[PDB]
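Colleague: generate a structure from the sequence data that follows.
(chains A, B, C, D, E, F, G and H)
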Amino acid sequence: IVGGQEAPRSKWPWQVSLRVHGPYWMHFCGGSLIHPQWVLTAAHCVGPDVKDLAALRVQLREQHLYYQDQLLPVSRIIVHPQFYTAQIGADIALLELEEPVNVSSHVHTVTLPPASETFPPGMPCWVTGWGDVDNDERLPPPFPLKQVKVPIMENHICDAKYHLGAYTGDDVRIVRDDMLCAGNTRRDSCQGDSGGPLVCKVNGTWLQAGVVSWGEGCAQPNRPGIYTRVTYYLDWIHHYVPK
Amino acid sequence: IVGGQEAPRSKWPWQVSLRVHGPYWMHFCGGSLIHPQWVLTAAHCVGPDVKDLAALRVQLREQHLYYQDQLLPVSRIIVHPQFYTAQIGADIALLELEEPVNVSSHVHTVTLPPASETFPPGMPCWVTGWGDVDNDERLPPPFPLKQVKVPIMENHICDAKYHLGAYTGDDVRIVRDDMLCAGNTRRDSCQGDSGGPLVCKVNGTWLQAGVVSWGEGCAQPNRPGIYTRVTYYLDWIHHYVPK
Amino acid sequence: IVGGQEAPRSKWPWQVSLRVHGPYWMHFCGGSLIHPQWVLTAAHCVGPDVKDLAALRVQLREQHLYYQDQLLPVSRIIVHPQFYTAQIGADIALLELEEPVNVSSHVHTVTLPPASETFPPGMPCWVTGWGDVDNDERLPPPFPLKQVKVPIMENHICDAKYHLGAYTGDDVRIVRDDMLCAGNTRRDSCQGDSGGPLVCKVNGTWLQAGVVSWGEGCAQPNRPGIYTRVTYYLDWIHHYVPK
Amino acid sequence: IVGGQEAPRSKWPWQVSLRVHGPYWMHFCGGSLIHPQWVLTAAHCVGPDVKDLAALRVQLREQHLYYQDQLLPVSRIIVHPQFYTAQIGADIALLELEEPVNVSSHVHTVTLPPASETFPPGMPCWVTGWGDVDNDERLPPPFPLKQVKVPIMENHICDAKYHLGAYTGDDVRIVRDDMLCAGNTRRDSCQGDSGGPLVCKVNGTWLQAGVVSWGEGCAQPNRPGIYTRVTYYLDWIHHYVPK
Amino acid sequence: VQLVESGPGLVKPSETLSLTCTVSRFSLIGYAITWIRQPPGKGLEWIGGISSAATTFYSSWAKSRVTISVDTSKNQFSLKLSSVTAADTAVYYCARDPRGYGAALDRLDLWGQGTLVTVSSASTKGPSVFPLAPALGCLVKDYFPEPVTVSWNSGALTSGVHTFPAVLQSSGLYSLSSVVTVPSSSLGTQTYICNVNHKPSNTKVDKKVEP
Amino acid sequence: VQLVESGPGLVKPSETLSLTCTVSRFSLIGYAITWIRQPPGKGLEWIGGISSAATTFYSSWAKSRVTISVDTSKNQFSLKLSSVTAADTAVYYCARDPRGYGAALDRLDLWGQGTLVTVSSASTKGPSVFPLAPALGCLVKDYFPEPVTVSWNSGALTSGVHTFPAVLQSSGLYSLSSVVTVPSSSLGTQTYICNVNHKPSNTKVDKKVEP
Amino acid sequence: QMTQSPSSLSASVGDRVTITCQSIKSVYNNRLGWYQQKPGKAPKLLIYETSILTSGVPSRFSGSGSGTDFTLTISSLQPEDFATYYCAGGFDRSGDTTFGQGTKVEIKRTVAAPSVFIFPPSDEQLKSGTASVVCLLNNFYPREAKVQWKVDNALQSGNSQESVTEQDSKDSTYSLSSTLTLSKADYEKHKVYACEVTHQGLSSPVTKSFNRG
Amino acid sequence: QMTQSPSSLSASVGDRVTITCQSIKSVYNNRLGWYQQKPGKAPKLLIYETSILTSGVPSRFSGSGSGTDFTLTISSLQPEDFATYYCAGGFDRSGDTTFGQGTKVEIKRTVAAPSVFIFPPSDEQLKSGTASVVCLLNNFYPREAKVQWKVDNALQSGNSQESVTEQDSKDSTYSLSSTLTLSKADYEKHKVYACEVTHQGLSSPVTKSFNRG
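Modeller: Numbering: from 1, shown residues only, chains lettered A, B, ... in the order given. I have put the structure below:
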């Protein structure tokens, strides 16, 4: 996370970290707990090739990575069938946890937006994660969860921004309609925040607008971060997560 | 280049290396001299964002990198307008050299195939470059030009191969019709060979079938290298390189 | 620390970590609190060249690095005048803290041995630190204080051990009389444990026999770790730390 | 080599490179051919622990590393018995080549100085090698042999220089009488030049005054490079290399 | 990377001043902060500080009235002074010791900009403003408290500007003048806009000058 | 990283000028060099250049007289002009194109300092010098060729110094004046030393000024 | 406690100045430093630990001291260097640490004649019912001056205040502002208005006046 | 071939100026650039490839052009900006590339009165047998002037040369040097020596003279 503070302890209860086996259960990707038994995350963190579930664990909202770990096991991975690379689209995935989690004073699910939402620019939205703070600067060892408030930019304005300084003809849509743009040269996700949630406070209620997908580096001029537009995939998610 | 020999000195005259400024004119991408004033190469080496031509130089067919450098300057870069990322397509580019080069005993142009060619499997084809030899193994400091003979695999067979061990639905075409597949678990391009030519000896005459584009690592099982199918873009190339 | 466990929370109260400024207050060397205002450590951590005290901080016995960094400031550094390189000798130093620390339920000083002690082999001795666990394996991100029980080896036996597999004539003493040898191919200090204390439980009372000084790698065959024999320098320490 | 030019092809015929086995015969240390069957070099390149001769090869004066390799095999290693670490002293070693080399238009031995030589300051002396050019800057891939003319500094003046900015008492001699100091903040050996010769042009005849031994980094203020004073060890060398 | 002070700037006798100091761009962890005082025209003066170890120190005279505190959750340091009196009116600075000593003054390398604190029975009152007619100028009058600021043509006119120390009128209100020196040929060619603002009365005003 | 020219600076008609350009601190590999000319007071003019590919290019008029060359063994570029005439007297510059085009002028980013080249039948002759007596000054006279230089008190007096364009006396020799403006209180307190040197006659002279 | 001496000095450009700082007892482990304060700005650290020059400082500055007495020396003053200077030191850890009183440094230079301007009370003052005529001196030197105010040529005394800019750092000359307090009822009485500088940089008074209102 | 226009201009501080550069045929792929030359120094590159601002240049400068006609524009001139300026461009690869003639830019400012000095021929000239009296003008503006030389009050004409410094970059005023050629045999004849500036910045002649030698 470029910019922004440490997150106040109470404030972001649904944040999930994905851990990979190695010399230790290294954090590598973010996610959000959308249902007591389902975690939402970016596909490119776990696909497109199949990963052995043995190598994967989920960690709930600790304040600092590792100081308090209680790694949950993952029962199944689901990737949107049409994913293949983030720049194509459909960078979205679901993890089914083996054990359901008690909803609790420090653990509560985020709410998915209703399909008619558009998130026009100017709404108050935040992104949260443990990824690098600049461009090679690993998050410092106390590993606090950082947060930042971003602006939202409208797609076709965003598409023009990406064309600046590039050879691609402006006929070629870069930012597809299932994507969303946010961030600023002062304020962005970065590496390792991938799969983190993007949330907006409509009517005081936190809605997850999107998922950290991809971008041409962090905080670079005329390079907003690209987010998967969750509203584009509701019909697919509710094929697996009943409510 | 995984596998294969060193290249006999005479054998590959059109091979070009692209050099980037830095602590030294580091090689970073291959190319092929298709006309006395034009170099053909992979787009992802130089796009999609615009590069200052100050940082770029072309080196002709030396035997060993750096022992004989006579860096030609580049007058203009052209990228196919519809490129953006190799997995999408159109990973092809042209460089116009400032100075035309004398065709000479050790320097002669490759020939582009006529558009009706398909390159069915089994033809005798080679790929040549200075990229890494395995997966992190930099080419050793004598830096000889390596070569290898690959098999050609037919597209729809190749597309199935990529779907093994991946979540992507088989409805979703991964290998698009402007691409081509080649290589083997014993024999492939690798990092830094990108933009090198793929050539096939039809009727004793060397035709450049393709350009090294992308792949899920080097020599990995069921992961052929993907090459840009040059015949798909002739109408675009002859918009710039008269013959 | 090669081998051994995580240390029980209560067990090692005098352990001190030295922090250096950087992207964060990185731990780089160990030490031990020998008096409410003085820290003992290895000279080669801070000398022989002069370091700006601005770059240095001391941290007391936390359980996990970085989770609780109440960083103390250092008021003065003292290095034994005859130090220059650990293999020569005199690898010992003192830090004077700016603020004296309350002796407290979790913070108590180690005791220096009386000068007539020799520490014959077989005594029950331990070394404690946060250094690497093998040879390039950084301590995992929970960063627990590890401990291990080592054997003590008598000097002249140790000196022979170092001569195995080396060209040095056995006339040339390698391990000088102000040094001490300990450890095993299963059990040793390693990089980053430098300056940690070596303690032995004579009469139930913990005496700091030595300081982690240097060695030809970690756990290597016939390469015990070399420790500064604290008893050799008492007359020098009590020139600065009254009791 | 910090500063200085490339070496004119003819100028330094005795220069030898030591190669270690690995992914390729990597250069790691310098040396000088003092007799048709003996190479002189720094001990810390090959000792103090015993190296399997299988892993070692000698390369004579090529112009560029690797482009012309004809690796000679090494029959025996000899290290001065009293070596252990360069800062102690005796950092000198001999390699006996398996096959004697024809003295030839491009290959001729350097001459060892007679024992009564002192090399007072101001003499015209050079050091030559393939080591790094600054502090982490690897020599660029064309790997030319670089050379530089250094000043010579008298020992006791040099010893004072090293004491600046260090805690060591000035009673403690750092630069021992078998060592020699040379270089400047503009001009020094660096990493990988270790074992290279230091030569001075007394009466038009090139005498090897010393061997690149050690230093506190490259080109650092008040840190001359330290060289083994060859004249200190003649009685030891002529115990092995008849003339 | 720099400090910023913040606070009210006006208080009344026997109240307690609160000041905050905020590390604009990096974590405070490891750094001490000291609070420094400057009565008008008099030399500097040290209030106290807090070490990197959170050990507080206080001057001889401060102990009976001062509290220093820190909140890492806000990346802030905080000062409170109780029972202020007119003699406490001063500029205050927070500054950093890079060695982290809580009570040393020999190496205060980095300073905030500091703020006036005025101890007064009066209320606030925003300024009046008038032009000074052709050089050109502008005048600001009957204003309180002291720290007014002014700049010319949105502050784009950085050059040739002079501005004076304030003087205390017998009305109990300060007044000030600002002046620009320029050849009269410019009178036909540039705007000469007297942009003024006054944070302690949240007041901003403007006037272009003409002959 | 910068260029330096070098050359004689004086030659005689029908001789051939040689100039060299030396890349002071880095390898030339990859960079083109161009040679630029400036007759006195006239505008700039392009002679030619050599590409990174060692392809030479020459102006329309230069082809019959010019040769450009390079020696990587010396990290040098070299220019020769044959059969010089008085009209060739100019400042010459070598400059680098970072794109390495041998024959383009739109991006000459880095320049040498350039040198006078004087085409003359005359010999050299070192200068005479005289003080200018109290402000203070110094005068240099009957000197040839043009590029004399001067500085005050080993050049430590960087400030208040003026120095003039040379003028060609009917004697065929240039002369120049240098001047320093200062309050007379300094006359009791500083040295005022007129340090002069003249490379084309290897000449260096000095004189302190007094009333 | 500490004493810094001299309390002030003035010296020309180029001149070499030294400043002293003393104490009833020694500093601790060299813990003494020197700060430069520009007017209206936070102090800048120049020297710390007795003698270490801060980065980004010209080697004009230097200092040394035997634990009990200390000097700061400027090799050659510049128009930049106008400031107050303070030594500060620590006699203890936690204990006595303090600044000195500071030294005010002024550039000695040539006299310069004041450029003079005058302004009536403008419209809204004339509308406000207050009257304040303004008279201005620029780039004068030294700080000595007096203004005479003359209205209908009658001498004005009291009823006026003056404000003096600090020293400039590009020419080292001052600006002075002078102004009357008057009512609208007391202004439209009198009709000829003048201010008149007295200055050492002038051979004579120099009046400027206005009587159109 | 290229034409740059105007050949010269003068404008005040703050003013906004534009410069034109034209050609009989188009440039190549935008290959045009602009150089600033300070007097007595190598040119500095400012703009390249039609419009890319070089690093380390204030955004005062800008430029654009339709392949055949091009402009350089300075938003607000400064005393720094005194220089000649050139466009340069390439019509080909290897072929025609050239500079334009350049434009000389002069700062328009207020008049300033010359500070005047005079010097006799010093000892070693008087010993050399040559005589050269020197008369000096400083910080005058504009470049217009004439010197009268008067020796025994007799008018001097010819027999003299003048040298004019280029424009300053801190005040934008000139210095002028004026000097006679004379012999020792022809100097010790006449005994009263004077030089006398004529200038638009003065209401009158201002003589300075010497007659002790």
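Colleague: make it CA atoms for all contacts and neighbour counts henceforth
Modeller: Noted.
Colleague: number of residues surrounding residue 3?
Modeller: No chain specified, so I'll use chain A. For residue A:3, the tally of surrounding residues (other C-alpha atoms under 10 Å in any protein chain shown) stands at 19.
Colleague: looking at chain E here, not the other one
Modeller: By other C-alpha under 10 Å, neighbour count at residue E:3 equals 20.
Colleague: next: residue A:157.
Modeller: Residue A:157 has 10 neighbouring residues, counting by other C-alpha under 10 Å.
Colleague: just the element for it, please.
Modeller: Residue A:157 belongs to helix A:155-163 when assigned by DSSP states H and E.
Colleague: can you check residue G:212 too?
Modeller: Applying DSSP H and E, one finds residue G:212 in no helix or strand.
Colleague: please parse chain G into its domains.
Modeller: If you go by CATH domains of a matching chain, the domain ranges for chain G are G:2-108, G:115-211.
Colleague: from the chain's centroid, how far away is the helix or strand containing residue A:17?
Modeller: Using DSSP H and E, residue A:17 sits within strand A:15-20. Here strand A:15-20 is found 11 Å from its chain centre; the criterion is C-alpha atoms, centre = their mean, to the nearest Å.
Colleague: nearest residue to the middle of the chain?
Modeller: By default, I'm working from chain A. residue A:196 (2.3 Å; C-alpha atoms, centre = their mean).
Colleague: the chain in question should be chain G.
Modeller: Nearest to the mean C-alpha position of chain G, counting by C-alpha atoms, centre = their mean, stands residue G:166 at 3.2 Å.
Colleague: assign a three-state SS to that residue, would you?
Modeller: Secondary structure, DSSP: H, G, I helix; E, B strand; the rest coil: residue G:166 is coil.
Colleague: give me the residue from chain E nearest chain C.
Modeller: Taking C-alpha to the nearest C-alpha, chain C has its nearest neighbour within chain E at residue E:99, 4.3 Å off.
Colleague: so the closest residue to chain D within chain A, which of the three states?
Modeller: The minimum distance from chain A to chain D, using C-alpha to the nearest C-alpha, falls at residue A:136 (18.8 Å). At residue A:136 the chain is in coil, as set by three-state DSSP.
Colleague: okay, now the residue of chain A found nearest chain G: neighbour count?
Modeller: Nearest residue of chain A to chain G: residue A:137, at 26.3 Å (C-alpha to the nearest C-alpha). Residue A:137 has 11 neighbouring residues, counting by other C-alpha under 10 Å.
Colleague: same thing with residue A:192?
Modeller: For residue A:192, using other C-alpha under 10 Å, the count is 22.
Colleague: tell me the contacts of the residue lying closest to it once chain neighbours are set aside?
Modeller: Distance criterion C-alpha to C-alpha, 6 or more residues apart in numbering or on different chains; nearest residue to residue A:192, sequence neighbours excluded, is residue A:131 at 3.9 Å. By C-alpha atoms under 8 Å, 6 or more residues apart in numbering or on different chains, the contact list for residue A:131 reads A:1, A:138, A:139, A:189, A:190, A:191, A:192, A:193, A:194.
Colleague: and the gap between residue E:106 and residue E:92?
Modeller: From residue E:106 across to residue E:92, the span is 18 Å (C-alpha to C-alpha, to the nearest Å).
Colleague: correction: the previous question concerned residue E:201.
Modeller: To residue E:92, residue E:201 is 20 Å away according to C-alpha to C-alpha.
Colleague: what about the residue in chain G positioned nearest to chain A, which helix or strand?
Modeller: In chain G, the residue that lies nearest chain A is residue G:55 (26.3 Å; C-alpha to the nearest C-alpha). Per DSSP H and E, residue G:55 falls between elements, in no helix or strand.
Colleague: what does residue G:10 give?
Modeller: strand G:8-12.
Colleague: buried ones in that strand?
Modeller: Neighbour counts over strand G:8-12 (16 or more other C-alpha atoms under 10 Å in any protein chain shown) mark residue G:12 as buried.
Colleague: just checking: what are the partner strands of it?
Modeller: Strand pairing for strand G:8-12, determined by DSSP bridges: strand G:103-108 (parallel).
Colleague: look at the residue in chain G that chain E sits nearest to and tell me its secondary structure.
Modeller: As assessed by C-alpha to the nearest C-alpha, chain E sits closest to residue G:33 within chain G, at 4.3 Å. Of the three states, residue G:33 takes strand under three-state DSSP.
Colleague: who wins on neighbours among the contacts of residue A:131?
Modeller: The residue in the contacts of residue A:131 with the most neighbours, by other C-alpha under 10 Å, is residue A:189 (35 neighbours).
Colleague: so what's the residue lying closest to that residue once chain neighbours are set aside up against?
Modeller: Sequence neighbours aside, residue A:1 is the residue nearest to residue A:189 in space, at 4.7 Å (criterion: C-alpha to C-alpha, 6+ apart). The contact partners of residue A:1, by C-alpha under 8 Å, 6+ apart, come to A:128-134, A:146-148, A:187-190, A:193.
Colleague: for those, which one is nearest chain H?
Modeller: Of all the contacts of residue A:1, chain H sits closest to residue A:134, with 23.8 Å by C-alpha to the nearest C-alpha.
Colleague: identify the bridge partners of the nearest residue to the closest one once chain neighbours are set aside.
Modeller: The shortest distance from residue A:134 to any non-neighbouring residue, by C-alpha to C-alpha, 6+ apart, is to residue A:2 (5.8 Å). Applying DSSP bridges to residue A:2 yields these beta-bridge partners: residue A:188.
Colleague: residues near residue 27, how many?
Modeller: The chain I'm using is chain A. By other C-alpha under 10 Å, the residues close to residue A:27 number 19.
Colleague: try again with chain G
Modeller: 22.
Colleague: tell me which element it falls in.
Modeller: Residue G:27 belongs to no helix or strand, assigned by DSSP H and E.
Colleague: OK, contacts around the closest residue to it other than its chain neighbours?
Modeller: Distance criterion C-alpha to C-alpha, 6+ apart; nearest residue to residue G:27, sequence neighbours excluded, is residue G:91 at 4.6 Å. The neighbours of residue G:91, taking C-alpha under 8 Å, 6+ apart as the test, are G:25, G:26, G:27, G:28, G:31, G:97.
Colleague: for the residue lying closest to the last one once chain neighbours are set aside, what are its contacts?
Modeller: In other words, residue G:97. With sequence-adjacent residues excluded and distances taken as C-alpha to C-alpha, 6+ apart, residue G:97 is closest to residue G:90, at 4.3 Å. By C-alpha under 8 Å, 6+ apart, the contact set of residue G:90 is E:104, E:105, E:106, G:27, G:28, G:31, G:32, G:96, G:97, G:98.
Colleague: could you rerun that using 6 Å?
Modeller: Residues near residue G:90 by C-alpha atoms under 6 Å, 6 or more residues apart in numbering or on different chains: E:104, G:27, G:31, G:97.
Colleague: before we move on, what about residue G:183?
Modeller: By C-alpha under 6 Å, 6+ apart, the contact set of residue G:183 is G:129, G:130, G:131.
Colleague: and the second one, how many neighbours?
Modeller: Burial of residue G:130, expressed as a neighbour count using other C-alpha under 10 Å, amounts to 16.
Colleague: spatially nearest residue to it (excluding sequence neighbours)?
Modeller: If the residues on either side of it in the chain are set aside, residue G:130 comes closest to residue G:183, at 4.4 Å by C-alpha to C-alpha, 6+ apart.
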